[PDB]
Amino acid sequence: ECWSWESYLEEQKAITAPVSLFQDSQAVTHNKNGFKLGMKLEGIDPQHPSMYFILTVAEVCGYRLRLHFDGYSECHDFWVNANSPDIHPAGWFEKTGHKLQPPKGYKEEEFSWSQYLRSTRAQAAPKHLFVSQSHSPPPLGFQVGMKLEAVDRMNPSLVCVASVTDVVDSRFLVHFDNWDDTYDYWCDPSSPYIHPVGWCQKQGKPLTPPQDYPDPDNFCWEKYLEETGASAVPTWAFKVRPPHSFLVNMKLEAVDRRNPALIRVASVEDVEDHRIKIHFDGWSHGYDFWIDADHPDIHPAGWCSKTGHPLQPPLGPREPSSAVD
């Protein structure tokens, strides 16, 4: 009850990033978190986006939850918001035609929700909590098998030959041809990271062809499209979003990248058209990091208070790891 945004702003002569700068999903604070400790469900592996696993609610905190990969090590646990599009209710993969990576010890054929729930004596999280159940409209113009050019987010200076390999509700999965699946990332039509076939060519940018493509220097889209019999995502399907309007020094709240259980008071350290650099007030600049303006883990001031999540105040002066802020 002691720390408060109101007096911090007066003390610092600062301003917060207006709620209007965030996506509705990042700002909404009046939804109830119906998830309960022990409930089971399905979800994508954040580090291997094309794979689906059985997950359990290991912890609830405000509008967030910590999920655990059944049968596996706790080191894989991760946090998501209750309105996350990356989780689905029990039975979702079977209904949508997706494959499942069963719990440790199980074979994909030995898994059955009904029996599993009995063996574990648990309940499945009710369906009415999921925003994504594949009941909504698919992304206009993006179908499994189409080709496009996309930025490798792990190596962002590369624009590469890619394919759509999955579609779930209003989002699709970008995959880099002949490269490892862990480079995949879910995306939507307004993403600034995707471009139609030929973009690089009109921009003078070098295009990164499929891994080990014969005579990589002579890569030709027309040729590749004939070889694969695949079509390119149509140009009209791409509807890139406008650059965000966050300004340097605006304050907000952001999940700690080192200990995701925590959320800290933060400031906009720097900006790009679609990214912002986060600085945790009072902490060393060595911890500042870049992040997409639409990332689900940044929120407007007051989010923690309204959702019931603890908020870490600025680090005290002269403390270890601090910065004369």
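Numbering starts at 1 and follows the sequence shown. So that the term is clear: the rigid core is the largest set of C-alpha atoms that superpose within 1.5 Å between two forms.
Trainee: Looking at C-alpha RMS in 7 other deposited structures of this protein with the core superposed, is it 80-88 or 201-209 that drifts more?
Mentor: With the rigid core fitted, 201-209 is the stretch that strays more in 7 other deposited structures of this protein.
Trainee: Comparing 81-89 with 111-119, where is the mean C-alpha B-factor higher?
Mentor: Between 81-89 and 111-119, it is 111-119.
Trainee: If you average the Cα B factors in the entry, which is higher, 173-181 or 101-109?
Mentor: According to the PDB entry, the answer is 101-109.
Trainee: Per the entry, which of 134, 163, 231, 143 tops the list for Cα B factor?
Mentor: Max CA B-factor in the entry, restricted to 134, 163, 231, 143: 134.
Trainee: Lowest, middle or highest third: where is residue 322 by Cα B-factor in its chain?
Mentor: Residue 322: CA B-factor falls in the middle third of its chain.
Trainee: How does the C-alpha B factor of residue 151 compare with the rest of the chain: lowest, middle or highest third?
Mentor: Tercile = middle for this residue's CA B-factor.
Trainee: Consider only the C-alpha atoms of the modelled residues in this chain, order them by B-factor as the entry records it, and name the third containing residue 167: lowest, middle or highest.
Mentor: Ranked within chain, residue 167 CA B lands in the middle tercile.
Trainee: Using the B-factor values recorded in the entry, state whether the Cα atom of residue 251 falls in the lowest, middle or highest third among the modelled residues of its chain.
Mentor: Within its chain, residue 251 is a lowest-third residue by C-alpha B-factor, going by the deposited values.
Trainee: Which third of the chain holds residue 202 when residues are ordered by C-alpha B factor: lowest, middle or highest?
Mentor: According to the entry, residue 202 has a C-alpha B-factor in the chain's highest third.
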